[PDB]
Number of protein chains: 2
Amino acid sequence: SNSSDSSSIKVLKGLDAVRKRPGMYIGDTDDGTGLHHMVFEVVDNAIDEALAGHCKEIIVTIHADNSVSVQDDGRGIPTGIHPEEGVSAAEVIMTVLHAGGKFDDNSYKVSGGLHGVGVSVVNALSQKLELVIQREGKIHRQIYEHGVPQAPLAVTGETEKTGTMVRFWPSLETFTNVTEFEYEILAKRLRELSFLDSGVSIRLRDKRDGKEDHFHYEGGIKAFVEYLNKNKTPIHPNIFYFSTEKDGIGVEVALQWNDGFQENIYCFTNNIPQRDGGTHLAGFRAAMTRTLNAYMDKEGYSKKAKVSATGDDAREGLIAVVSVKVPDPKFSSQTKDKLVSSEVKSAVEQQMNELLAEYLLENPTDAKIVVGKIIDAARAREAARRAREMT
Amino acid sequence: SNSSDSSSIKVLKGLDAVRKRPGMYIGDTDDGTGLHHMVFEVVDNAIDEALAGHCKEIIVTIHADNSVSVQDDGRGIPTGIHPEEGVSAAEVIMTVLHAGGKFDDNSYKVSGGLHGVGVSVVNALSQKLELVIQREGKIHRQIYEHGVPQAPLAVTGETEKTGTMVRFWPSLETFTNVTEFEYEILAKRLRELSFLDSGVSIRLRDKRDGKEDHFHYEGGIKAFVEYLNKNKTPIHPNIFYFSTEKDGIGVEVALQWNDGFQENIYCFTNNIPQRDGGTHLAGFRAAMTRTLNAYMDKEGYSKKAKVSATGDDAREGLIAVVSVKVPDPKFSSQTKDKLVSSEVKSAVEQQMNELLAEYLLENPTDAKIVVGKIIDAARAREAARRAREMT
Ligand SMILES: Nc1ncnc2c1ncn2[C@@H]1O[C@H](COP(=O)(O)OP(=O)(O)NP(=O)(O)O)[C@@H](O)[C@H]1O
Ligand SMILES: Nc1ncnc2c1ncn2[C@@H]1O[C@H](COP(=O)(O)OP(=O)(O)NP(=O)(O)O)[C@@H](O)[C@H]1O
């Protein structure tokens, strides 16, 4: 009719569709976030090996030629010929969307990975990708150029070591504006990951200027909160912390208040951060609001001060880390920005409701100092409300 | 623990990936978000036929059995066998991810659709999908059960009409909790869709209770702003408006302030709404702040008042519709909640900076009034600010 022939229907094979529409896969290819998510897509997979108790060291290097390599010491990507595909499993996971060992809990009981597209997306959006896999006594190597394998995966040598090293050179045909890696952006994620995974040595090297770091904090998310408050001024001594595992879901929370008025809840799901929060954030906020007000009410603070007390008043100056371990998580996007697994909200809420209530009662000084802050917040808030009329 | 062989890696063929990980394709499958998005994936395709100037009526029906059908009087899905797929173009689009006519401007100059995934995702997550294509004098029908054709696309009759009808029954194996359609959620989308597409009769029929709607507004986004403000109180007679197309990007804005204090900015890219905003919102906000502030300064308002006038105060009680019409749009998620194409920010900002400036000049009464509002808001920002940090 109007160029509406059957031939007007174009089918994009292989990785063509991701290069064509990088947005739904990698996110923002302009503001520099999707470019860094490229390093993160690889790292996450290494962290997944760490979760399964395999990888205990990860080395991220920014090279002078504007490429990053992520080397881990896990089991290594499977190298054997695929039973259904005909080429090495290594090649399958790199060239096929929705191909991966994370479609069940057989290789990874709990993992951030689940889409079977992460590393293939990086490979697709890369001018070149070098893959070196050590496992089953052999060193394996394979070079890619825009997702297309240059030769079949080759056994280049012998080794007793196990591991996977993926080095990629992002395609500037995809990424614009921000085209070079930024050390600090990598350092932040890597540092938190270290806090989230004690025992895992994470080294960050920058071959452009020689800078480097070695994150191996062992204090967990409690030390993480301490870190988040370093150039802050916490108002109470006892960081509220708990780590439960109920109905197959793990919820770990560490939090503390400061004298500032900024709210900062860092939410994670199987170590993947949720910029857009989600069900865990929801369960956490509803739980903290119910609990804090419940304490103010039963303790008469609400009565004393006739204070409203809202979530916002409560979250003012809050530094909290909420990490959940979910067997089969759900994300509303490929970049795991929002957690949509409904069952998680209750999981976090139940635990926050019970355990935080306990915290308040067990830590009177802390509870009081915090309640004061809330009341004061509710006061200044409504004072400003009344100040509208009293202009 | 050690489960890592080539057989470990699974490859989800066809629509299995979507059924496996519906989230990265349709979003939240439990709160109703994804459920209604299913309908919207369909409607959008019809709206693109409408943007292409081929569809004038769209009838969306919520059936008693909780299925929804969308009928359009457009070109109809290509029924001709696909050159390389060896199956009808209609079946290709319905069962193959990344297959459609939006990978170029041949069938559609501009279109919200671009992923070649929308309606196949729908079918994938539908326990049943009925397809009826009235094309080239013939009626073509085909039934799918969970993405699988029950029989090839068959010609069932003769016809004088062209159009596409997709009735789908969501899979309860996918969708949970909110599984019944909400008329209001559909009505809102369609009514704004009617505003964005003058000349397209959009009908809503609820076969559960007999409720019906027929949106066919012609005042464009200006009527849209009137509509949005009718429940409120606009403070100035003239709605700011312009429709330009520079550098290949069409940008159309319509705004008006009400004496309230909320900010209601609706952003669309090819009629697709952006809940999370994006580059068009960024440019809009920027140009808005700059223009007004510039006006307040040149007209000496600030030289008297002694205020900074931040955008957030300039946007109080504002209602605006920002519709961009871009060739190759970029979204950071399949659901398209945030536009990431950087070139649109410059586009919206420049256009706004020019015409908004002119508007304040060409419309004094309005300008002084709005500025009056801004002033009171910025002043109140500081009055409330005083009491705020005054206990
Ligand atoms: N460092 C690694 N060590 C071992 N196996 C790896 C590594 N990276 C990738 N793999 C395997 O290859 C797979 C496919 O990886 P990937 O393409 O990135 O998808 P994924 O693991 O499903 N997660 P996601 O980012 O949600 O798409 C995972 O299923 C792992 O089994
Ligand atoms: N009602 C309709 N009328 C005419 N053509 C249609 C209709 N629906 C779908 N089509 C054709 O089939 C296609 C595939 O639709 P779809 O699977 O839903 O992807 P899309 O249009 O690329 N958009 P998106 O949601 O971004 O993936 C479009 O590319 C149209 O050419």
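Residue numbering restarts at 1 for every chain, and letters A, B, ... go by the order of the sequence lines. In each ligand, atom 1 is the first atom listed, and ligand 1 is the first ligand listed.
Within the 4.0 Å heavy-atom criterion, the part of A/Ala99 lying near ligand 1 is the backbone and not the side chain. Contact annotation: for A/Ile9 versus ligand 2, heavy atoms closer than 4.0 Å belong to the side chain alone. The proximity of B/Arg75 to ligand 2, defined as any non-hydrogen pair under 4.0 Å, does not occur for either the backbone or the side chain. Contacts between A/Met94 and ligand 1, counted as non-hydrogen atom pairs separated by less than 4.0 Å, are absent for every part of the residue. Looking at A/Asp48 against ligand 1, nothing comes within 4.0 Å, counting heavy atoms. Of the heavy atoms in A/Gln334, only side-chain atoms (C-beta onward) come closer than 4.0 Å to ligand 1. At a 4.0 Å heavy-atom cut-off, ligand 2 touches B/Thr164 through the side chain alone.
A heavy-atom distance below 4.5 Å is found between the side chains of A/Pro149 and A/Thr95. Put simply, the side chain of B/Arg135 reaches to within 4.5 Å of the side chain of B/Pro78, judged on heavy atoms. Using a 4.5 Å heavy-atom threshold, the side chains of B/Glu57 and B/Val200 count as separate.
Counted by atom type alone, A/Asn271 and A/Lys325 present one or more donor-acceptor pairs between their side chains at under 3.5 Å. Side-chain contact check for B/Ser88 and B/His82: no donor-acceptor pair (N or O, by modelled atom type) lies under 3.5 Å.
Ligand 1 has a nitrogen or oxygen under 3.5 angstrom from a nitrogen or oxygen of A/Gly118. Taking distance alone, with nitrogen or oxygen atoms compared against 3.5 Å, A/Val117 approaches ligand 1 more closely than that limit. Residue A/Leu114 has at least one N or O atom closer than 3.5 Å to an N or O atom of ligand 1.
Each of the atoms 24 (P), 25 (O), 26 (O) of ligand 1 lies under 4.0 Å from some heavy atom of A/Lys336. Residue-ligand proximity, A/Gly113 to ligand 1, at heavy-atom distances under 4.0 Å covers atoms 23 (N), 24 (P), 26 (O). Of all atoms in ligand 1, listed by their number and element, those nearer than 4.0 Å to a heavy atom of A/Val119 are 15 (O), 16 (P), 17 (O), 18 (O). Every atom of ligand 1 with a heavy atom of A/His115 under 4.0 Å away is listed here by number and element: 22 (O), 23 (N), 24 (P), 26 (O), 27 (O).
The closest heavy-atom contact to atom 25 (O) of ligand 1, among the options A/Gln71, A/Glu41, A/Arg135, comes from A/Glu41. For atom 21 (O) of ligand 2, the choice among B/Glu49, A/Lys10, B/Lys102 with the nearest heavy atom turns out to be B/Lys102. Looking at B/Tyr108, B/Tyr25, B/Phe40, B/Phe103 and measuring to atom 30 (C) of ligand 2, the nearest heavy atom belongs to B/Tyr108. Of the candidates A/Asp73, A/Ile93, A/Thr95, A/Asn123, A/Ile93 brings a heavy atom nearest to atom 12 (O) of ligand 1.
In terms of protein heavy-atom proximity, atom 1 (N) of ligand 2 is nearest to B/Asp72 OD2, 2.6 Å. In terms of protein heavy-atom proximity, atom 13 (C) of ligand 2 is closest to B/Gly100 CA, 3.8 Å. Looking at atom 6 (C) of ligand 2, its nearest protein heavy atom turns out to be B/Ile77 CG1, 3.4 Å. Looking from atom 20 (P) of ligand 2 to the surrounding protein, the closest heavy atom is B/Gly116 N, 3.5 Å. The shortest contact between atom 8 (N) of ligand 2 and any protein heavy atom is with B/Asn45 CB, 3.4 Å. For atom 29 (O) of ligand 2, the nearest non-hydrogen atom of the protein is B/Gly101 N, 2.5 Å.
Salt-bridge formation is not detected for the pair B/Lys20/B/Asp16: no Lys NZ or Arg NE/NH1/NH2 atom is positioned less than 4.0 Å from an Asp or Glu carboxylate oxygen. A/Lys13 and B/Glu85 are joined by a salt bridge, as a carboxylate oxygen and a charged side-chain nitrogen come within less than 4.0 angstrom of each other. Ionic pairing of B/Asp337 and B/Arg275 is present here: one or more N-O contacts between side-chain nitrogen and carboxylate oxygen are shorter than 4.0 angstrom. The existence of a salt bridge linking A/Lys102 and A/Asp48 is confirmed by a sub-4.0 Å separation between a basic side-chain nitrogen and an acidic carboxylate oxygen. B/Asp328 has a carboxylate O that lies under 4.0 Å from a charged side-chain N of A/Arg21, or vice versa, which qualifies the two as a salt bridge.
Using a 4.0 angstrom heavy-atom cutoff, A/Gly74 does not count as in contact with ligand 1.
Annotation: cation-pi pair B/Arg75/B/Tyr108 present, NZ/CZ under 6.0 Å from the ring centroid and within 45° of its normal.
Taking the six-membered ring for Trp and thresholds of 30 and 60 degrees, B/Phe331 and B/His115 have ring planes more than 60 degrees apart, a perpendicular arrangement. Taking the six-membered ring for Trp and thresholds of 30 and 60 degrees, A/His36 and A/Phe40 have ring planes inclined between 30 and 60 degrees apart.
Side chain of B/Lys336 to backbone of B/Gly112: a donor-acceptor contact under 3.5 angstrom is found.
More than 12 heavy atoms of other residues, nucleotides or ligands lie within 6.0 Å of CD in B/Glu136, so this atom counts as buried by the packing criterion.
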